[PDB]
């Protein structure tokens, strides 16, 4: 499965052996990065004057003058041919030759090659990744791995813009990088060049920029330093800011000044990109004129980025038509998937879909904003690379499977199982959701409806659920020990542990359904409760970021199935035996009475779940920080003390009981 799929392909039912003796034509004049890849593939074979001909070079070179009319006349295009007599690897330009060898490398299976003719080129000019998220920036080693991945998948753009890099954003965008960071960026630029990737260094000055000479000069001086480090593409971001920095005329004047005094003055600057303040249709104000001002004033060679109809959205024909008409040029898409920085307790490992496949001519570029988990993001990155190169032939599911098999060939089926059930975002303020667990959701829905109603569930549905949990356990345990992509496994391990616990819980709940005698049922009930406690422990000790701490997995279909099945069968047990087993589905060490709203623990906070439509007792005495609501305290539940106020400080007073958003913060 060639990825990305080439524009034009003709295969014959004949196989050629990678010649033991070959004659290289054009190795001295072709793209060195391409030649280097080719010599690596021919490492065990000898190069004599006889033997199979191998012609590599760019259009205009002597080596490929024969095939000049076969080479597509598109940037980054190439012509590739293999037959029993000769191999041709001919780019329309140097990057095309490199892309011919990236395809050539996929065709080489077991030392054999298919007899094939290929004419290929990208439908979208700029394709790649923007490290543009909030959270821990990708490590240096992660970024190096990313750049080699991009070259392999014909992504030619990497836009560096981590929101939390202090030399990228306010206020220290004015300061040059220290020497250590600068040397790293220098290495990144070189590795990008060797993999045929434009390294675009972005700056995010909007929150405190002054529209004066001083800050203009500092931004240009910063761009000059980055240029001395090797950077040849630049971006200015005005996203997620307030104040004077949002002025579209001033933004356009600044970008045009950079364009005329820097971008066009250097000999060798490629991309110049900006992000507007109103960067999706819903944030555009029809009472004003922001987008048409940038469209008219900004020099036309400058790119303008866009996320679609909403902050998080997929690109439609009507949507891109809407923006293009206003910015007077094809939008450069910033696609906010798989970025998870607003649902940080979820991994987003599902397929890439939703974007119209017929609108390649309507966009200048297409980049994905990924997760702070770099390796995990390669599933979506690989798929975007395929979509962007050949959208007409974009195959969502086959590309997702191909990505997984490329990233983790030693355990591809196990990663597919995990990713299949780790793709929805859960409820969130952007309203963006993805499908998850589609394969088993019909059997889960049938089983639960029947069980709740007292009707016989279908045996096949019960067995599908049993199979699912068994496979999840297998997949979790195999993934934990996989050593082929250790950085990937480091990233996902907390979710893999939670995933296994979910599967164990689901198995034990199904045995309660199979429930044969009272003592067996009780053992399973006690086991389930302990597993709930273990999932709480992981949720409280892993991924403790300040915004969405913890680890959630299989949230769309499976955890609701298990929670609801457990609650139902415990109700049935209590009815049958006149018992009073607790049917709560998530462990909570603290207690609340009055509401069935569950309490939640997040970091050092104890909170009542908000709802759409009271006494808290903690498991110990803690020093109190504050209580926030949108009021009495005690340590023994007998002697109380009132607190005035919504908000109220506790001043480290001992707290075990509270009585009256509803959140208590305590010291730890």
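Heads up, when I say rigid core I mean the largest set of C-alphas that superpose within 1.5 Å between the two forms. Numbering follows the first chain given and starts at 1.
Core-aligned Cα RMS comparison in 7 other deposited structures of this protein - stretch that moves more, 278-286 or 144-152: Looking at 144-152 versus 278-286 in 7 other deposited structures of this protein, the farther one turns out to be 278-286.
Third-or-more of other entries without residue 130: Across the compared entries, residue 130 is modelled every time.
Residue 67 dropped in a third or more of the other entries: No, residue 67 is modelled in every one of the other compared entries that cover both of its flanks.
Residues of the deposited sequence left unbuilt between residue 614 and residue 613: Unresolved stretch here: 4 to 9 residues.
Unresolved deposited residues lying between neighbours residue 594 and residue 595: According to the record, 4 to 9 deposited residues lack coordinates from residue 594 to residue 595.
Stretch with the greater mean C-alpha B-factor as recorded in the entry, comparing 459-467 against 167-175: In the deposited entry, the stretch with the higher C-alpha B-factor mean is 459-467.
Of 615-623 and 66-74, the stretch whose C-alpha atoms average the higher B-factor in the entry: Mean CA B-factor is higher for 66-74.
Highest recorded Cα temperature factor - choice among 104, 432, 237, 342: So the option with the highest C-alpha B-factor is 104.
Ranked against its chain, the third holding the CA B-factor of residue 606: Middle third - that is where residue 606 ends up once the chain's C-alpha B-factors are sorted.
For residue 436, the third of its chain into which the C-alpha B factor falls: Tercile = lowest for this residue's CA B-factor.
Residue 350 CA temperature factor, ranked by third within the chain: Its C-alpha B-factor, which the entry lists for residue 350, ranks in the lowest third among residues of this chain.
Modelled-residue ranking by C-alpha temperature factor, third containing residue 377: Bottom third by C-alpha B-factor.
Chain thirds of CA B-factor: placement of residue 265: Its C-alpha B-factor belongs to the highest third of this chain's values.
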